[PDB]
Every structure is written in structure tokens, then in C-alpha cells.
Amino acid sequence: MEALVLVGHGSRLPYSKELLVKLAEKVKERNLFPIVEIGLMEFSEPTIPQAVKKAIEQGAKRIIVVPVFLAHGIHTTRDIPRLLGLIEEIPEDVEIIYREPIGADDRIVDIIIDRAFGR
């Protein structure tokens, strides 16, 4: 009844999409959401509008959109809200819930320290 849509920047390179694809696989393995889709802001498919429609077509009435971005920027603040139609795509009486980016989470510091030590 609710869907999770992970949105990413996109790249002319393949690494950004591979990340979102792997992230969606790992989330699916956790069996929390009925529907899970990814969309990429630029350069690649699925686009963000296509992911929201796939979710709607599978029968989701609440679409949770999580920006897989570390920090806020023009994408997360302007460009993406606009694609979702949240700022001046047909949301069919469904609710889109636009979540927060990753930010300076304690678990990021944990990751950073591992990377520093080659782990």
C-alpha cells in the first residue's frame, strides 16, 4: 500500500546506478516495504518520474521518496521536489512523502574511519 523510492543523482559513469541498485537489493532483503523502486535524477534510467509511476502501477497509495544524497543541495532542494510535483507527473490521489538526505550521521563517521584504515 506504500512504496519506497530511492532517488540518486545519476552519472555518465556506471558507478552511481550500481550503488542504487545494490542499495535497493539490500533493502528488499529486509522485507519492510511492499514495493521498492529506484530513480536517477539525470543521465540514466529509470528516471525519477518513471520510478514513481512504476510504484503507483503496482498499487501504492503512499510513496516514500528517500534522497540518497549525503547533503542538501540544489538537487534535493529544487530539482527533485519539482519532478515530484511538490513545487511549482500526475499523482493520482496518492500521497508523496519526501524524506531527508543522509546528513552527518554517526554511522557515516563509522564508515569514514573504516575507509581510512583500508577496511
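Residue positions are given as counts along the sequence shown, with the first one as 1.
Select one of none, 1 to 3, 4 to 9, or 10 or more to describe the deposited residues without coordinates separating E88 and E89.
-> In the deposited sequence, 10 or more residues between these two have no coordinates.
On average, are the C-alpha B-factors higher in 47-55 or in 65-73?
-> In the deposited entry, the stretch with the higher C-alpha B-factor mean is 47-55.
So 90-98 or 31-39, which one's hotter by mean CA B-factor in the entry?
-> The deposited B-factors put 90-98 ahead on the C-alpha mean.
Check the PDB entry and point out which of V7, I112, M1, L4 has the largest C-alpha temperature factor.
-> Checking the PDB record, the top C-alpha B-factor among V7, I112, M1, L4 is at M1.
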